[PDB]
Amino acid sequence: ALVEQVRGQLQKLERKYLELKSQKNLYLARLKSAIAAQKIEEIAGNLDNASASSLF
Amino acid sequence: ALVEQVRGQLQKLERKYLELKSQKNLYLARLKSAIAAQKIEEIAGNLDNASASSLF
Amino acid sequence: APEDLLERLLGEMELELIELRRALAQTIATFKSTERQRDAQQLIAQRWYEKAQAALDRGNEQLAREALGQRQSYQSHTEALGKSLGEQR
Amino acid sequence: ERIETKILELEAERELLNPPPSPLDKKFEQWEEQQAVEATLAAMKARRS
Amino acid sequence: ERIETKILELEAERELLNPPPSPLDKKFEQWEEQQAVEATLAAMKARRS
Amino acid sequence: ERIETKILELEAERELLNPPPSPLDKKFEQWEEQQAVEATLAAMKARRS
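Read top to bottom, the protein sequences are chains U, 5, 0, Z, Q and 1.
Just so we're aligned, residue 113 is where the first sequence starts under the deposited numbering, counting upward by one.
Just so we're aligned, residue 113 is where the second sequence starts under the deposited numbering, counting upward by one.
Just so we're aligned, residue 24 is where the third sequence starts under the deposited numbering, counting upward by one.
Just so we're aligned, residue 169 is where the fourth sequence starts under the deposited numbering, counting upward by one.
Just so we're aligned, residue 169 is where the fifth sequence starts under the deposited numbering, counting upward by one.
Just so we're aligned, residue 169 is where the sixth sequence starts under the deposited numbering, counting upward by one.
Structural data, given as structure tokens:
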């Protein structure tokens, strides 16, 4: 029973690992997109062309 | 029994070897194609002819 | 000089139009990888479907019970990944 | 398996650079092509019937 | 014997962290599963009877 | 005797890495194989009876 029981733990845990690994890239990818596409609009604020605080 | 049993291991393992060998070339071949045909399109990007960031 | 900044600021923009470009590559890469995994699991379940497709004939129903009972575990995985793939699109 | 991911990473890398044609044109080229072969043949099947 | 207590302490330590599923769902998964195999088989035993 | 334990340790080490096929498939391969030889022979014993 112990060898059968212990194997079940490993099988369940092993699946949970690769599942976690896949999600890691997705959240990281959204972060860079949420930072790269994020970090541009502010410098366009210095070139707002919509107020009187821009260089333009 | 031992000599009969041990031979079965070698026969099964030997087949698995050449099977692995065949797949190695196929994946490597797709990689070079996925790199050679891959590495051209970027330099065409410098000659995009579709934007205002190309030499053309 | 304000004129001097006008060229540097636009230069720093160019670094992110490619940085964001790289980020999209990672996102789409995962979508392709997630898509492929779905085919393999259903293929295995599909194989068990053909395996169960060879037992219920000529009255061997008891064998079909166990065969399809095993397919159910694989079937659940297919549903979970199917919804995730649509969401990521 | 990781090699396949690299292939997938590279293959899909320039699915961005060169986006695939939209279905609208894909819905027209064949749509006009069928007429193109038949319409150009329409005279063929009539002029030299 | 004290080792067994440590094992029991550790094994039950995360019976808290990850609580076991309540009987309600445990009373349904099997309850729906029996239909799942039979219902999906209901067409099997009829379509290809 | 301790050598045998090392052999047992090593032999069973990769009973984990490559788990043996479950009885379900082991209950089918032979089950389908008997039909495979007879069914393919079913035509043999009839076509060239």
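Note that the Cβ used here is the ideal one computed from N, Cα and C, for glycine as well.
Around the C-beta of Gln150 (chain U), are 16 or more other C-beta atoms found within 10 angstroms, so that it is buried, or is it exposed? exposed
Can you round the beta-carbon distance between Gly120 (chain 5) and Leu185 (chain Z) to whole angstroms, since I take them to be within the 8 Å contact cut? Contact doesn't hold; Cβ gap of about 53 Å is too wide.
Pick from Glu172 (chain Z), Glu197 (chain Z), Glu179 (chain Z), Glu169 (chain Z) that is closest to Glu153 (chain 5), judged by C-alpha positions: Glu179 (chain Z)
Along the alpha helix (DSSP H) that carries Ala211 (chain Z), what are the first and last residues, could you check? Its alpha helix (DSSP H) spans residues 191–215.
I believe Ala141 (chain U) touches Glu39 (chain 0) by the beta-carbon criterion, under 8 Å. Please report the beta-carbon distance rounded to the nearest angstrom. About 15 Å; that fails the 8 Å criterion.
Do the region 120–132 of chain U and the region 27–37 of chain 0 touch if we need at least three Cβ pairs shorter than 8 Å? no
Taking only beta-carbon atoms, is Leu86 (chain 0) less than 8 Å away from chain Q? no
Leaving out the 5 sequence neighbours to the left and right, which residues in its chain are closer than 7 Å to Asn161 (chain U) when beta-carbon positions are compared? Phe168
Check whether the Cβ of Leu192 (chain 1) lies closer than 8 Å to any Cβ atom in chain 0. yes
Is there a C-beta anywhere in chain 0 that falls below 8 Å from the one on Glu200 (chain 1)? yes
What residue range is occupied by the uninterrupted alpha helix (DSSP H) comprising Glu169 (chain Z)? Note, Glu169 (chain Z): premise wrong, no alpha helix (DSSP H); not H, not E.
Taking C-beta to C-beta, are residue 168 (chain 0) and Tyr72 (chain 0) nearer than 8 Å? Since the first and last residues shown for chain 0 are 24 and 112, residue 168 (chain 0) lies out of range.
List, in chain order, every chain 1 residue whose beta-carbon is nearer than 7 Å to that of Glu89 (chain 0). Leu192
Kindly indicate the opening and closing residues of the alpha helix (DSSP H) around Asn158 (chain U). 114–158
Taking C-beta to C-beta, are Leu159 (chain 5) and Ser166 (chain 5) nearer than 8 Å? yes
Taking a cut of 8 Å between CB atoms, which residues from the region 131–147 of chain 5 lie near chain Z? If the cut-off is 8 Å between Cβ atoms, the region 131–147 of chain 5 has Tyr139, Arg142, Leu143, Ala146, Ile147 near chain Z.
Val205 (chain Q) classed as buried or exposed, judged by whether at least 16 other C-beta atoms fall within 10 angstroms: With 16 or more other Cβ atoms within 10 Å, it is buried.
Taking only beta-carbon positions, decide if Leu47 (chain 0) is within less than 8 Å of chain Z. By the rule that beta-carbons nearer than 8 Å mark a contact, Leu47 (chain 0) touches chain Z.
So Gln95 (chain 0) is in the alpha helix (DSSP H); what residue range does that whole segment cover? 84–111
Out of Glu181 (chain Z), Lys213 (chain Z), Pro191 (chain Z), which one is the CA nearest neighbour of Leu43 (chain 0)? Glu181 (chain Z)
What residues from chain Q crowd round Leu79 (chain 0), counting only those whose CB sits closer than 8 Å? Chain-order list of chain Q residues neighbouring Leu79 (chain 0): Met212, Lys213, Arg216, by C-beta distance under 8 Å.
Can a CB atom of chain 1 be found closer than 8 Å to the CB of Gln93 (chain 0)? So yes, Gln93 (chain 0) belongs to the interface.
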